[PDB]
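As provided, start-v8.cif (mmCIF, C-alpha atoms and all ligand atoms; chains and numbers go by the auth columns) reads as follows.
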data_my_file
#
loop_
_atom_site.group_PDB
_atom_site.id
_atom_site.type_symbol
_atom_site.label_atom_id
_atom_site.label_comp_id
_atom_site.label_asym_id
_atom_site.label_seq_id
_atom_site.Cartn_x
_atom_site.Cartn_y
_atom_site.Cartn_z
_atom_site.B_iso_or_equiv
_atom_site.auth_seq_id
_atom_site.auth_asym_id
ATOM 1 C CA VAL A 1 -12.902 -13.321 -11.157 0.00 3 A
ATOM 2 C CA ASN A 2 -9.261 -12.475 -10.411 0.00 4 A
ATOM 3 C CA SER A 3 -6.129 -14.387 -9.408 0.00 5 A
ATOM 4 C CA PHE A 4 -5.850 -13.311 -5.755 0.00 6 A
ATOM 5 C CA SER A 5 -5.913 -16.413 -3.543 0.00 7 A
ATOM 6 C CA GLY A 6 -6.334 -17.074 0.181 0.00 8 A
ATOM 7 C CA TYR A 7 -7.840 -13.692 1.394 0.00 9 A
ATOM 8 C CA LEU A 8 -10.397 -13.190 4.034 0.00 10 A
ATOM 9 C CA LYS A 9 -13.228 -10.962 2.839 0.00 11 A
ATOM 10 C CA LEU A 10 -13.858 -7.989 5.355 0.00 12 A
ATOM 11 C CA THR A 11 -16.429 -6.017 3.296 0.00 13 A
ATOM 12 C CA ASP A 12 -17.906 -5.992 -0.265 0.00 14 A
ATOM 13 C CA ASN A 13 -14.659 -4.554 -1.519 0.00 15 A
ATOM 14 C CA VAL A 14 -11.873 -5.062 1.084 0.00 16 A
ATOM 15 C CA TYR A 15 -9.938 -8.326 1.482 0.00 17 A
ATOM 16 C CA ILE A 16 -7.030 -9.142 3.827 0.00 18 A
ATOM 17 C CA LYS A 17 -4.299 -11.789 4.118 0.00 19 A
ATOM 18 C CA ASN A 18 -1.081 -12.537 5.927 0.00 20 A
ATOM 19 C CA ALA A 19 1.475 -12.255 3.134 0.00 21 A
ATOM 20 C CA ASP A 20 4.710 -10.644 2.044 0.00 22 A
ATOM 21 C CA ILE A 21 3.600 -8.056 -0.524 0.00 23 A
ATOM 22 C CA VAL A 22 6.791 -8.664 -2.532 0.00 24 A
ATOM 23 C CA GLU A 23 6.089 -12.388 -2.831 0.00 25 A
ATOM 24 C CA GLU A 24 2.411 -11.740 -3.516 0.00 26 A
ATOM 25 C CA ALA A 25 3.214 -9.262 -6.294 0.00 27 A
ATOM 26 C CA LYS A 26 5.708 -11.635 -7.928 0.00 28 A
ATOM 27 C CA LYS A 27 3.087 -14.407 -7.982 0.00 29 A
ATOM 28 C CA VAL A 28 -0.014 -12.428 -8.989 0.00 30 A
ATOM 29 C CA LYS A 29 1.643 -9.801 -11.203 0.00 31 A
ATOM 30 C CA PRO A 30 -1.306 -7.662 -10.202 0.00 32 A
ATOM 31 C CA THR A 31 -2.251 -4.724 -12.381 0.00 33 A
ATOM 32 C CA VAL A 32 -1.461 -2.360 -9.473 0.00 34 A
ATOM 33 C CA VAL A 33 0.730 -2.789 -6.416 0.00 35 A
ATOM 34 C CA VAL A 34 0.685 0.057 -3.890 0.00 36 A
ATOM 35 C CA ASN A 35 3.935 1.289 -2.399 0.00 37 A
ATOM 36 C CA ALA A 36 4.078 2.947 1.017 0.00 38 A
ATOM 37 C CA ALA A 37 6.084 5.863 -0.333 0.00 39 A
ATOM 38 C CA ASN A 38 7.469 9.075 1.100 0.00 40 A
ATOM 39 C CA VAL A 39 7.290 12.405 -0.731 0.00 41 A
ATOM 40 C CA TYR A 40 10.857 12.008 -2.043 0.00 42 A
ATOM 41 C CA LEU A 41 10.276 8.456 -3.342 0.00 43 A
ATOM 42 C CA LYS A 42 13.374 7.413 -1.319 0.00 44 A
ATOM 43 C CA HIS A 43 12.678 3.699 -0.915 0.00 45 A
ATOM 44 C CA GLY A 44 14.977 2.921 1.985 0.00 46 A
ATOM 45 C CA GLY A 45 13.026 0.637 4.278 0.00 47 A
ATOM 46 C CA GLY A 46 9.705 -0.828 5.215 0.00 48 A
ATOM 47 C CA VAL A 47 7.472 -1.851 2.341 0.00 49 A
ATOM 48 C CA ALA A 48 9.199 0.606 -0.005 0.00 50 A
ATOM 49 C CA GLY A 49 12.688 -0.681 0.708 0.00 51 A
ATOM 50 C CA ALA A 50 11.460 -4.234 0.312 0.00 52 A
ATOM 51 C CA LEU A 51 9.621 -3.576 -2.978 0.00 53 A
ATOM 52 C CA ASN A 52 12.568 -1.625 -4.329 0.00 54 A
ATOM 53 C CA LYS A 53 15.036 -4.376 -3.373 0.00 55 A
ATOM 54 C CA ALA A 54 12.868 -6.902 -5.230 0.00 56 A
ATOM 55 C CA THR A 55 13.211 -4.733 -8.382 0.00 57 A
ATOM 56 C CA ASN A 56 17.029 -4.758 -8.082 0.00 58 A
ATOM 57 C CA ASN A 57 16.852 -0.954 -7.442 0.00 59 A
ATOM 58 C CA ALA A 58 15.099 -0.241 -10.760 0.00 60 A
ATOM 59 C CA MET A 59 12.191 1.274 -8.820 0.00 61 A
ATOM 60 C CA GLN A 60 14.601 3.753 -7.174 0.00 62 A
ATOM 61 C CA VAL A 61 16.234 4.677 -10.506 0.00 63 A
ATOM 62 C CA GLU A 62 12.844 5.373 -12.087 0.00 64 A
ATOM 63 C CA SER A 63 11.737 7.271 -8.973 0.00 65 A
ATOM 64 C CA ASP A 64 14.794 9.522 -8.940 0.00 66 A
ATOM 65 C CA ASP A 65 14.110 10.517 -12.552 0.00 67 A
ATOM 66 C CA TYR A 66 10.456 11.232 -11.623 0.00 68 A
ATOM 67 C CA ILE A 67 11.477 13.504 -8.732 0.00 69 A
ATOM 68 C CA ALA A 68 14.132 15.295 -10.784 0.00 70 A
ATOM 69 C CA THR A 69 11.407 16.173 -13.322 0.00 71 A
ATOM 70 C CA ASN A 70 8.372 16.765 -11.077 0.00 72 A
ATOM 71 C CA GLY A 71 9.567 17.509 -7.548 0.00 73 A
ATOM 72 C CA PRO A 72 8.254 15.804 -4.434 0.00 74 A
ATOM 73 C CA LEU A 73 4.800 14.396 -3.930 0.00 75 A
ATOM 74 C CA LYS A 74 2.362 15.814 -1.374 0.00 76 A
ATOM 75 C CA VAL A 75 1.617 13.962 1.836 0.00 77 A
ATOM 76 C CA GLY A 76 -1.689 12.296 0.948 0.00 78 A
ATOM 77 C CA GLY A 77 -0.728 12.234 -2.736 0.00 79 A
ATOM 78 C CA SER A 78 0.414 9.617 -5.220 0.00 80 A
ATOM 79 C CA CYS A 79 1.935 8.931 -8.589 0.00 81 A
ATOM 80 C CA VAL A 80 1.747 5.970 -10.981 0.00 82 A
ATOM 81 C CA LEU A 81 5.054 4.499 -12.118 0.00 83 A
ATOM 82 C CA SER A 82 6.164 1.144 -13.493 0.00 84 A
ATOM 83 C CA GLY A 83 5.540 -2.031 -11.519 0.00 85 A
ATOM 84 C CA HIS A 84 8.805 -3.509 -12.871 0.00 86 A
ATOM 85 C CA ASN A 85 8.891 -7.288 -12.179 0.00 87 A
ATOM 86 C CA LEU A 86 6.190 -7.068 -9.473 0.00 88 A
ATOM 87 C CA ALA A 87 3.086 -5.615 -11.203 0.00 89 A
ATOM 88 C CA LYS A 88 2.020 -3.754 -14.323 0.00 90 A
ATOM 89 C CA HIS A 89 2.013 -0.474 -12.362 0.00 91 A
ATOM 90 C CA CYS A 90 3.127 0.736 -8.952 0.00 92 A
ATOM 91 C CA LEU A 91 0.913 3.327 -7.281 0.00 93 A
ATOM 92 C CA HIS A 92 3.258 5.193 -4.922 0.00 94 A
ATOM 93 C CA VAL A 93 1.024 6.579 -2.156 0.00 95 A
ATOM 94 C CA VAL A 94 2.243 8.875 0.634 0.00 96 A
ATOM 95 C CA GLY A 95 0.515 8.269 3.896 0.00 97 A
ATOM 96 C CA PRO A 96 1.333 10.555 6.818 0.00 98 A
ATOM 97 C CA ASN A 97 4.393 9.483 8.822 0.00 99 A
ATOM 98 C CA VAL A 98 3.561 9.842 12.519 0.00 100 A
ATOM 99 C CA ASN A 99 7.277 9.675 13.309 0.00 101 A
ATOM 100 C CA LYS A 100 7.569 12.964 11.359 0.00 102 A
ATOM 101 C CA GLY A 101 4.563 14.602 13.044 0.00 103 A
ATOM 102 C CA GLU A 102 2.312 14.535 9.978 0.00 104 A
ATOM 103 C CA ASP A 103 -1.443 14.953 10.364 0.00 105 A
ATOM 104 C CA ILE A 104 -3.187 11.579 10.589 0.00 106 A
ATOM 105 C CA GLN A 105 -6.279 13.053 8.921 0.00 107 A
ATOM 106 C CA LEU A 106 -4.216 12.985 5.712 0.00 108 A
ATOM 107 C CA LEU A 107 -4.600 9.236 5.847 0.00 109 A
ATOM 108 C CA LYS A 108 -8.082 9.444 4.316 0.00 110 A
ATOM 109 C CA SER A 109 -6.733 11.577 1.447 0.00 111 A
ATOM 110 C CA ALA A 110 -3.994 8.997 0.907 0.00 112 A
ATOM 111 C CA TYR A 111 -6.500 6.136 0.641 0.00 113 A
ATOM 112 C CA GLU A 112 -8.647 8.151 -1.814 0.00 114 A
ATOM 113 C CA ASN A 113 -5.908 7.599 -4.409 0.00 115 A
ATOM 114 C CA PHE A 114 -6.874 3.910 -4.437 0.00 116 A
ATOM 115 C CA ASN A 115 -10.281 4.805 -5.917 0.00 117 A
ATOM 116 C CA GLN A 116 -8.645 5.636 -9.257 0.00 118 A
ATOM 117 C CA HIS A 117 -7.864 1.899 -9.746 0.00 119 A
ATOM 118 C CA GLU A 118 -10.388 -0.922 -10.061 0.00 120 A
ATOM 119 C CA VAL A 119 -8.236 -3.519 -8.244 0.00 121 A
ATOM 120 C CA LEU A 120 -5.108 -3.115 -6.098 0.00 122 A
ATOM 121 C CA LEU A 121 -2.716 -5.140 -3.983 0.00 123 A
ATOM 122 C CA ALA A 122 -1.818 -2.860 -1.111 0.00 124 A
ATOM 123 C CA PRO A 123 -0.193 -2.555 2.296 0.00 125 A
ATOM 124 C CA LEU A 124 -1.907 -0.721 5.101 0.00 126 A
ATOM 125 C CA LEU A 125 -0.988 2.923 4.593 0.00 127 A
ATOM 126 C CA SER A 126 0.909 4.680 7.380 0.00 128 A
ATOM 127 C CA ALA A 127 1.428 1.323 9.196 0.00 129 A
ATOM 128 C CA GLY A 128 4.820 -0.184 10.049 0.00 130 A
ATOM 129 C CA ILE A 129 7.642 2.359 10.192 0.00 131 A
ATOM 130 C CA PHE A 130 5.205 5.173 9.351 0.00 132 A
ATOM 131 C CA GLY A 131 4.014 4.892 12.950 0.00 133 A
ATOM 132 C CA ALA A 132 0.217 4.869 12.692 0.00 134 A
ATOM 133 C CA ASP A 133 -2.064 2.344 14.368 0.00 135 A
ATOM 134 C CA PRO A 134 -2.722 -0.368 11.741 0.00 136 A
ATOM 135 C CA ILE A 135 -6.238 -0.905 13.154 0.00 137 A
ATOM 136 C CA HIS A 136 -7.156 2.870 12.581 0.00 138 A
ATOM 137 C CA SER A 137 -5.562 2.553 9.146 0.00 139 A
ATOM 138 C CA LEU A 138 -7.759 -0.457 8.347 0.00 140 A
ATOM 139 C CA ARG A 139 -10.865 1.445 9.475 0.00 141 A
ATOM 140 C CA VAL A 140 -10.015 4.415 7.239 0.00 142 A
ATOM 141 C CA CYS A 141 -9.308 2.029 4.355 0.00 143 A
ATOM 142 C CA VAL A 142 -12.702 0.329 4.702 0.00 144 A
ATOM 143 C CA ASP A 143 -14.511 3.675 5.056 0.00 145 A
ATOM 144 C CA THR A 144 -12.696 5.362 2.122 0.00 146 A
ATOM 145 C CA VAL A 145 -11.775 2.866 -0.605 0.00 147 A
ATOM 146 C CA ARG A 146 -14.637 1.797 -2.868 0.00 148 A
ATOM 147 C CA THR A 147 -12.587 -0.177 -5.406 0.00 149 A
ATOM 148 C CA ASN A 148 -11.381 -3.743 -4.792 0.00 150 A
ATOM 149 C CA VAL A 149 -8.408 -3.761 -2.432 0.00 151 A
ATOM 150 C CA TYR A 150 -6.372 -6.816 -1.408 0.00 152 A
ATOM 151 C CA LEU A 151 -4.447 -5.938 1.768 0.00 153 A
ATOM 152 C CA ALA A 152 -1.259 -7.850 2.558 0.00 154 A
ATOM 153 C CA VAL A 153 -0.085 -7.794 6.098 0.00 155 A
ATOM 154 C CA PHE A 154 3.456 -9.060 6.586 0.00 156 A
ATOM 155 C CA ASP A 155 3.235 -9.748 10.328 0.00 157 A
ATOM 156 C CA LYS A 156 1.133 -12.789 11.230 0.00 158 A
ATOM 157 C CA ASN A 157 0.525 -11.534 14.774 0.00 159 A
ATOM 158 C CA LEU A 158 -0.673 -8.136 13.526 0.00 160 A
ATOM 159 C CA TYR A 159 -2.987 -9.700 11.095 0.00 161 A
ATOM 160 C CA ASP A 160 -4.667 -12.035 13.455 0.00 162 A
ATOM 161 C CA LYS A 161 -5.236 -8.915 15.590 0.00 163 A
ATOM 162 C CA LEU A 162 -6.718 -6.745 12.865 0.00 164 A
ATOM 163 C CA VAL A 163 -9.164 -9.560 12.066 0.00 165 A
ATOM 164 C CA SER A 164 -10.277 -10.157 15.669 0.00 166 A
ATOM 165 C CA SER A 165 -10.860 -6.456 16.373 0.00 167 A
ATOM 166 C CA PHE A 166 -12.531 -5.613 13.047 0.00 168 A
ATOM 167 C CA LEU A 167 -16.040 -4.334 13.130 0.00 169 A
HETATM 168 O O1 LIG B . 2.530 -5.836 9.097 0.00 1 B
HETATM 169 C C1 LIG B . 2.225 -4.973 8.235 0.00 1 B
HETATM 170 O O2 LIG B . 1.844 -5.332 7.092 0.00 1 B
HETATM 171 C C2 LIG B . 2.333 -3.485 8.571 0.00 1 B
HETATM 172 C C3 LIG B . 3.744 -3.055 8.946 0.00 1 B
HETATM 173 N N1 LIG B . 4.665 -3.579 7.959 0.00 1 B
HETATM 174 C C4 LIG B . 5.948 -2.968 7.765 0.00 1 B
HETATM 175 O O3 LIG B . 6.254 -2.064 8.462 0.00 1 B
HETATM 176 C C5 LIG B . 6.905 -3.548 6.725 0.00 1 B
HETATM 177 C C6 LIG B . 8.241 -3.206 6.814 0.00 1 B
HETATM 178 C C7 LIG B . 9.152 -3.726 5.900 0.00 1 B
HETATM 179 F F1 LIG B . 10.465 -3.393 5.978 0.00 1 B
HETATM 180 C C8 LIG B . 8.744 -4.584 4.904 0.00 1 B
HETATM 181 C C9 LIG B . 7.395 -4.934 4.806 0.00 1 B
HETATM 182 N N2 LIG B . 6.731 -5.727 3.956 0.00 1 B
HETATM 183 C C10 LIG B . 5.459 -5.722 4.304 0.00 1 B
HETATM 184 N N3 LIG B . 5.281 -4.947 5.363 0.00 1 B
HETATM 185 C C11 LIG B . 6.474 -4.432 5.711 0.00 1 B
HETATM 186 C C12 LIG B . 4.070 -3.557 10.344 0.00 1 B
HETATM 187 C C13 LIG B . 3.407 -2.991 11.420 0.00 1 B
HETATM 188 C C14 LIG B . 3.683 -3.422 12.701 0.00 1 B
HETATM 189 C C15 LIG B . 4.624 -4.423 12.879 0.00 1 B
HETATM 190 BR BR1 LIG B . 5.047 -5.046 14.646 0.00 1 B
HETATM 191 C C16 LIG B . 5.285 -4.993 11.811 0.00 1 B
HETATM 192 C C17 LIG B . 5.009 -4.557 10.532 0.00 1 B
#

Go ahead and render the structure in this file as structure tokens.
Amino acid sequence: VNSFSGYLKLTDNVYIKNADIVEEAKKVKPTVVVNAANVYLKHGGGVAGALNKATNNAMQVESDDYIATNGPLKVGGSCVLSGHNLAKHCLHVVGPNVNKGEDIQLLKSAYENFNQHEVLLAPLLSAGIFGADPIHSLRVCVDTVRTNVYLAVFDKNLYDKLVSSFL
């Protein structure tokens, strides 16, 4: 039993809700919140900008120190950093950004990072400003992640769609 409330169950291990991931993280304090990161950990907009803003820019400060020490992530890669006031940990995962021409097949590699964590609160990788089809992203998520994933979808319209077209 865990503290996630109000999710529709899609599979044995994938759950989905219409929620603002920032507000959901602040209320659940999950062990792991996933950020839709880029390789530079520059959290300017989308989910990343919103999560970072909710940390009063502490996520960005920590991220800049990480990059200065380690260099950029790989597309499809991840790193674990602090969750600040939102979660114990933040798993920064780099999905491919279609608006940069990155190979969508890297989306499966990106979701594989979730399997290193028993339970996660997560956005749909490569959705939103990353330009991928959120329905394809949901399919890859379901077919790749084996751990328990609670997907928050900010847009109510999108959500209702994802549910009605799910197989
Ligand atoms: O709806 C989703 O969950 C996926 C994606 N979300 C974002 O891009 C997004 C951006 C942001 F700045 C803050 C956020 N907090 C939660 N998600 C976001 C999206 C896709 C299509 C459309 Br139309 C609208 C949104």

Test item: residues no farther than 12 Å from ligand LIG 1 (chain B), counting only C-alpha atoms and all ligand atoms, as a ChimeraX atom specification: /A:18-27,36-39,45-56,99,123-137,139-140,152-164

Can you give me, as a PyMOL selection string, the residues this file yields under the PyMOL selection byres (((chain A and resi 43) around 8) and not hetatm)? chain A and resi 39-42+44-45+62+65-66+69+74+94

In Å, how far is it from CA of residue 28 (chain A) to CA of residue 146 (chain A)?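 If I compute the distance from CA of residue 28 (chain A) to CA of residue 146 (chain A), I get 27.0 Å.
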
Using only C-alpha atoms, can you tell me which of A:121, A:148, A:93, A:168 comes closest to residue 4 (chain A)? A:121

Quick one: distance from CA of residue 114 (chain A) to CA of residue 3 (chain A) in Å, one decimal?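 It comes out at 23.8 Å.
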
Please write region 68-91 of chain A of the preceding block to a file containing C-alpha atoms, as a CSV table (one decimal), in the first residue's frame?
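What landed in selection02.csv:
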chain,number,residue,atom,x,y,z
A,68,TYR,CA,26.3,18.0,-11.4
A,69,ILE,CA,27.0,19.1,-15.0
A,70,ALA,CA,30.2,21.0,-14.1
A,71,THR,CA,31.5,17.8,-12.5
A,72,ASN,CA,30.2,15.1,-14.8
A,73,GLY,CA,29.3,16.7,-18.2
A,74,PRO,CA,26.0,16.2,-20.0
A,75,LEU,CA,23.8,13.2,-19.8
A,76,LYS,CA,23.1,11.0,-22.9
A,77,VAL,CA,19.8,11.2,-24.7
A,78,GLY,CA,18.0,8.1,-23.2
A,79,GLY,CA,20.0,8.5,-20.0
A,80,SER,CA,19.4,9.6,-16.4
A,81,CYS,CA,20.9,10.7,-13.1
A,82,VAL,CA,19.5,10.7,-9.6
A,83,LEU,CA,19.7,14.0,-7.7
A,84,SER,CA,17.8,15.4,-4.7
A,85,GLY,CA,14.1,15.7,-4.8
A,86,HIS,CA,14.3,18.9,-2.7
A,87,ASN,CA,10.8,19.8,-1.3
A,88,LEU,CA,9.0,17.6,-3.9
A,89,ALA,CA,10.3,14.1,-3.3
A,90,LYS,CA,13.2,12.2,-1.6
A,91,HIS,CA,14.9,11.9,-5.0
